[PDB]
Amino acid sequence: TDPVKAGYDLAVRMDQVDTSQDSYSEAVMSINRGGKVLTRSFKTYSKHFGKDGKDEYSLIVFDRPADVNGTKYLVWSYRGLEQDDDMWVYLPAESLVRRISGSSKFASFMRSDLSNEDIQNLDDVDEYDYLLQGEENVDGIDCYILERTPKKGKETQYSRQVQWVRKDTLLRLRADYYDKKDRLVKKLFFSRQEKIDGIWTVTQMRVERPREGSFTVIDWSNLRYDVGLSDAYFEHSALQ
């Protein structure tokens, strides 16, 4: 058995879970740093695009609290490595649109434990090399242990990611992220999964940055698939 080919084959199966053309969801994010808490409420709109409908466009609209109300992120995430993912943010305080590109992708997303790059396609299969390490029972759940390393030349802050993948739903249960100095930079917990409109979806996450002394908890609700979203939500004009 080839663990590199087996790792890639699993990554492909994982990428087949999302059979939707578009989706809508609502989320609340709570960021904890030394007992101090920041909160954000947002709606996410997503729709598939491209020749084979493999590109994914997303619009993230913040509504609460008052200081972040009106912040919008537009993401044009492309299948393949030929074109870098496009990302823009509309900032309500300066009524400006700013492109997030290059190393800006590694910066914090809305002061959370997520980076701007964490907001793009989590399952871009051909951006990585895989290694299936085996199986392990994690708190009563049977998982595959799947390591993925970014291919040479990929713009990312991570050197490698260890993923615990549920054998039954093919959703991640946990993942460890490593920086360019091989240090553990982030711990992800996919703490809740739900079958929504026939698609097993992560609907709760805890993201920890052990080096920052902070953790983010995100709760998704009112998630729906194939609602018939217009292309207007994903145009550069939807920002300003």
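Quick note: we count residues from 1 along the sequence shown, nothing fancier.
- Relative to one another, 103 to 111 and 139 to 147 have unequal mean CA B-factors, and 139 to 147 is the one with the higher figure.
- The question of which stretch, 24 to 32 or 43 to 51, has the higher mean Cα B factor is settled in favour of 43 to 51.
- Taking the deposited Cα B-factors for 162, 125, 170, 89, the highest one is held by 125.
- Sort the modelled residues of the chain by CA B factor and residue 71 lands in the lowest third.
- When all modelled residues of the chain are sorted by CA temperature factor, residue 9 is found within the middle third.
- In the PDB entry, residue 186 places in the lowest third of its chain by CA B-factor.
- Residue 209 sits in the middle third of its chain by CA B factor, as recorded in the PDB entry.
- Among the modelled residues of its chain, residue 180 has a C-alpha B-factor that falls in the highest third, as given in the PDB entry.
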